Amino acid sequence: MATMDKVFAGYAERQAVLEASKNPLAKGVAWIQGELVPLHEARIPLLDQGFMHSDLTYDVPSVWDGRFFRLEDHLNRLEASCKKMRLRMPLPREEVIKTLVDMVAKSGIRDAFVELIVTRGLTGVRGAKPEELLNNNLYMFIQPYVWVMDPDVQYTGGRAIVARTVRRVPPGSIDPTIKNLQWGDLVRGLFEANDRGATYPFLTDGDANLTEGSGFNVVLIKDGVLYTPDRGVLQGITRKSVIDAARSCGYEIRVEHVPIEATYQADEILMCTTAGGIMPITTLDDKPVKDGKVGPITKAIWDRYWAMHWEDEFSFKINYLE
């Protein structure tokens, strides 16, 4: 489909239904040790190393209009992250997918955030032999879709800053391609953005290149060509979809080092994430990005990204059995 008005109008209709629901799972549901629990009642062991040392990876696919979006790509990224961390998925994929679809169906949520967390488990790495660290724990939950930029704001764009008081954790400390919850730097960025009268922090690599922000990748558009950092960042599924969309809409996209100066020269800027989709930035460091309006290439990408949510290649329909 894909115009802003159409995509958001459908969401608003579905949200109206969900907000009126008497289902105790309408606010979300968690899977904890084989049992489904309302999300706000869910609890995990204090001694889980996902809490004790954030010793975990995670991933967040999504459901849009009752259709899982690029689920296999998320599951493959999670499996790759687990392998890099010497973790292993505690359930085989068919059981993971059956469980997730059951949770979503039970909740009635049509536009959902769908998180999976794999932790080291109850035995810490420090002082253990490798064979003592194989009993890894899985937590999964769904909740209503979350917006890093609200729909109304996507029409006019948001306010970003290039963070100056913090830089991204370097890959030689923590590999940013391993999706993780060690957000110390990203939280510093969020506070700095708020202190500076903005919402979205763009972090550098401490070597004068752009990386990513607090829950999103960044794409610059300059003289008809798209640019996004290669290193120092999560290889986002939304970013992958932007690369797909650029090729399909017929634009060049370059995944390479992006010197931070390029941010100040950009014709258009957008953020991309599962938690909100395609999120234009129209003010940077208190100055407008070009004319301060959402750009034409941004809009082409926006439309294509959303159109993909109803295509077989990128999505599948959940049966809500209602």
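Note that residue numbering follows the sequence shown and begins at 1.
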property	result
Which of 313 to 321 and 2 to 10 has higher mean CA B factor, as the PDB entry lists it	2 to 10
Stretch with the higher entry mean CA B-factor, where the candidates are 293 to 301 and 38 to 46	293 to 301
Which of 184, 229, 224, 121 ranks first by CA B-factor in the deposited coordinates	224
Per the PDB entry, maximal CA B factor within 214, 180, 248, 238	248
CA B-factor ranking of residue 264, expressed as a third of its chain	highest
Third of the chain's Cα B-factor distribution that residue 135 belongs to, per the entry	middle
Residue 94 by Cα B-factor - lowest, middle or highest third of the modelled chain	middle
Cα B factor band for residue 288 (lowest, middle or highest third within the chain)	highest
Lowest, middle or highest third - CA B-factor, residue 197	middle
